[PDB]
Ligand SMILES: CC(C)[C@@H](O)C(=O)N[C@H]1Cc2ccc3c(c2)[C@@]2(c4cc(F)ccc4N[C@@H]2O3)c2oc(nc2-c2nc(CO)co2)[C@H](C(C)(C)C)NC1=O
Ligand SMILES: Nc1nc2c(ncn2[C@@H]2O[C@H](COP(=O)(O)OP(=O)(O)OP(=O)(O)O)[C@@H](O)[C@H]2O)c(=O)[nH]1
Ligand SMILES: Nc1ncnc2c1ncn2[C@@H]1O[C@H](COP(=O)(O)OP(=O)(O)CP(=O)(O)O)[C@@H](O)[C@H]1O
Ligand SMILES: Nc1nc2c(ncn2[C@@H]2O[C@H](COP(=O)(O)OP(=O)(O)O)[C@@H](O)[C@H]2O)c(=O)[nH]1
Ligand SMILES: [Ca+2]
Ligand SMILES: [Mg+2]
């Protein structure tokens, strides 16, 4: 049993973390006070769920998690939260003044002063780890803390835990809920600095989540609460293999092995189905072939883009609930002839499949219907590069006029770090381009 | 936290400022005695941003009232909500400034300034995490303009990394007041360009036009104008006084509104003008609805922050917004993607239920500054009324300097259109 | 269906259809940013002193 | 108030379409690189599809089908017909074709065909003098009379966002044939005339003898790649006008020659066709205040 430490950074990472950890407790049957009756071993054990939960001699199951933010408003919501008894004070790190949506502020000014403290609380966790695999890092692209401080923490984590894996869950900026005009700046800056430091990153485009929340869940103006509950489901199905008995992706390193042939191209596209509205809890029960076919419909992707116009280099299918291998094979055979699925030449046209018999858990009073079977497909297609392009374009529009740049220079960042990061991205776009056709 | 320290200076500053505290007291549920009588406990959530708490559940406006003559501030003290201000936060002189920037900035102002900063320093010492400062004043006069800007320079020196915000009433040739307004406004604009992060620009010519043409008021008074201003001051501070994600604090607002450091002069707008969604959205974006003279169609918008307030679909608000972004179309810069942001607050202003507030960083404001520049030049070349300034020790060169600083500002706006 | 692993929680298989910065370097870049801030702020205060 | 942008000034058809749109008042043309638009009349090459359908509260339509270049490239069309089971060797309306690159491809296999009348084109008679795509030349074309003159059929096809395949009822024949000058006006023979000829000379109609195969070929080609380029559940919608080029041989068999993704139009047919494009392609997604199309069902 190798442990995993989850690190939640800034508002998005924090609020999403809370939604995820709530779900984990429900999935593992853990009470909001840390008690878990289902657990027969008291004071410890090497069970699968111990990769995410420590155990105190008193029987409290404590998340291997650390929440960090430069403003106390969001962390406090965790302290007064339903699952507050889970966490202890050392896990929640909070500053006084935030990064004001300024990458330079999160990275250089504020970051420098709080980095050691965050590392100490992180070390306190690792110190309780028999065989730490590495870290799961949640954060947004657009925020000053999520972009600026995350990149610094990643740089340090590489130094202090050299032989440990780091995966990200990154929230990609969408103006439909975006709170800042400089998010394209912060995005490129943090992607540039984190790139050589992240083994595998799952981008989630708020545009996609927001749209799914409207179309599938019938919601006029989706809340972060609404978005974060859907995001937590997907994160849950991506992490399920680390928390339950299995053979597919039981280690953080297996994630890069199966999904990332090329180090720099480490952003797999996630697609999820089915998403049903709970208010109408009388719906038709989708089949294995149907939810599988839905993974290739752009409208269920975490990032809106067209996989038909790129190449795959790895594809993993994660099923939850009532599913046997027999049906998956039939569903894949029929879909292959039916849809445009083109792998890179130096890769076998193959699908890795995992099935967890336990059906997806829903939060009570939530917005999602419970379903007897769901699937999350992780696929490394070059099509996701569309996102990088979109983002680089908006960056170029502003930077040509040096708009908002003085805010960054004023924090001690040199202007050269902009053109440095943008060149790195142009290079990245080229890498997808090469692989893509 | 995060607390804002409010400073109001001069006649205009204190009269506009006093009304502002009236309207937002009435929104946070604070009575003229400082007791809370609000129905929703949602008002109390961000109350700390503008109020200190004392014994006996008393809420006291973190505000400093400053003048060089006792007049206006005795009028505040005797006015409604007069007693809610700390007695000790009244700082005033006896000599007056005589509408003279030099007196406000260099002589009479200098004698009073330190004791103003003593009050400022004691209000800040009581802040868990001080956010910055908000100054209300006019530019046309002597105390608000001259001593207001001296204050800003002092504040900056002591609090170098706090946001400095101001609501600044500019003079117009349409509205006759002191003959030396062009001198005072010009000397002040340079101060603002250097030492504030955000300046809301309004002038009485535009507020007059609104009160006259829109509100059908034959002959407007200070009372009528200040009603508009106080309402607009409530709107653009909505995002600071109630829970929300967009423009949460001053620094984040500044980061989203200010592409280039020197261009931080905003034109505010309000709807409905007080004496449907599409109608409400149409007004606030209307040219004849701006709080300053310049026509927004003469330039482009670098950034726009719209705050809707009340109970509304917001589905349609998103619709109406984009209907404006495309109906105008030509008036938004294309090199700042998604430069129009929309915020929404549930609690509507007193007696409206529905409301909107416009905040535009428009290059069209350059006309405002060019106009004042031409006035200043017309006078300065004849050296008319100049002896009131050199009499206080000012050099002619300092005038030539502020003139070209002005033209520089007008030129910088010119680059971006 | 190659590599079919099976347990009480589920099963997994595979279908085939066709065949950096050190601690000092980080510290330096951080401290450099700090120096530039301090310089920028020193220039402001000198200006305010004049 | 709908907004559009033009990114191919070189397009004559959408020059009209832009004229009509503006002439309806309910359409305002934005600056070429303005992100906030409803309809894009996109550029002929490297159209930035990845940036479409990403504007909040804005339904965006584009007049091109991404990926439709497989059916509009010489080497592509061969690769598609000889790969798609929908077509494959079970395709007898498209000439024996092989593709080769200039010094992998099909240069060695083309030989066995020529070895086993062998007039080919890429124009030439013998093989060796051709090396300096290869498709067997229709040595037995359908010569019009009088004049003994060759011709090709041009039909315009409109595929909307719902992927309805519309055949514009007006086609065009783009007119001495030596086995082994202009002036009909402008070498253009419209359907009413060509139908009359085929009736007098050959005792058949344009509909029976040629149009049936045309419609067949249209349906088959576009239906083949429909799963690759449809925008049914895409975050943006697209339509596109196609120019199919056919040839008719001696025994009235229709052959597919070309597929043009940026076709022009016969001058008389410009107004009527572009108007239809607006009505069927643009106004159908963006409403306003008899049919010139034959929809091939599927
Ligand atoms: C088109 C028209 C706008 C233009 O011809 C013009 O300049 N009119 C001046 C006339 C004027 C000039 C100077 C001046 C006042 C008025 C002035 C005034 C009038 C009094 F009876 C007693 C004191 C004062 N102080 C003010 O000083 C004033 O000006 C305007 N409002 C007020 C005022 N309102 C109040 C009530 O709150 C007191 O004073 C308004 C106002 C600033 C527009 C609200 N100004 C005027 O009416
Ligand atoms: N999906 C999702 N997105 C969020 C959430 N909170 C914020 N965001 C997005 O994150 C981006 C803003 O970054 P934040 O996380 O709020 O900023 P931060 O990391 O806290 O850094 P600061 O500037 O110091 O506040 C915007 O694009 C938001 O839309 C959330 O709870 N869920
Ligand atoms: N196999 C074949 N037999 C006889 N004629 C042929 C032929 N292939 C092509 N042609 C002749 O080629 C002419 C049209 O050529 P083609 O369609 O290739 O244009 P093009 O490739 O030069 C550019 P575009 O696609 O825009 O027309 C027709 O008039 C037709 O007679
Ligand atoms: N809107 C508004 N403007 C005012 C008010 N009082 C004065 N002014 C304007 O302010 C300018 C005069 O400056 P003033 O504040 O009176 O002088 P000060 O006391 O030295 O700062 C003129 O342009 C007046 O029109 C007021 O109550 N409301
Ligand atoms: Ca245990
Ligand atoms: Mg924050």
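Quick note: numbers on chain B are straight from Swiss-Prot, i.e. 1-275, 285-426, in order.
Placed from the backbone N, Cα and C atoms, the Cβ positions cover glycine too.
Quick look at what Swiss-Prot annotates:
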BINDING   B:11, B:69, B:138, B:142, B:143, B:144, B:204, B:226  GTP binding site
MOD_RES   B:58  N6-succinyllysine
MOD_RES   B:58  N6-acetyllysine
MOTIF     B:1-4  motif 'MREI motif'
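Feature map: Swiss-Prot annotations on the structure.
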residue	record	Cβ contacts under 8 Å, 6 or more apart
B:11	GTP binding site	B:67, B:71, B:72, B:138, B:141, B:143, B:144
B:58	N6-succinyllysine	B:33, B:34, B:35
B:69	GTP binding site	B:92, B:93, B:94, B:95, B:96, B:97, B:143
B:142	GTP binding site	B:10, B:68, B:96, B:97, B:98, B:99, B:100, B:101, B:103, B:104, B:184
B:204	GTP binding site	B:169, B:171, B:172, B:175, B:225
B:226	GTP binding site	B:15, B:16, B:19
Pairwise over B:11, B:69, B:138, B:142, B:143, B:144, B:204, B:226, annotated as binding GTP, what's the top Cα to Cα distance to the nearest Å?
23
Out of B:138, B:143, which of the binding-site residues has the smallest number of neighbouring Cβ atoms within 10 Å?
B:138
For the binding-site residues B:69, B:142, B:143, B:144, B:204, B:226, which residues place their CB under 6 A from an atom of ligand 4?
B:142, B:143, B:144, B:204, B:226
Would you identify the secondary structure of residue B:58 (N6-succinyllysine) according to DSSP, in three states?
strand
Should residue B:142 (GTP binding site) be counted as helix, strand, or coil on the basis of DSSP?
coil
Looking only at DSSP and grouping its letters into three states, which state does residue B:226 (GTP binding site) belong to?
helix
For residue B:144 (GTP binding site), the number of other Cβ atoms found within 10 Å of its own Cβ:
35
For ligand 1, list the binding-site residues among B:138, B:142, B:143, B:144 whose CB atom is within a distance below 6 Å of it, in sequence order.
none
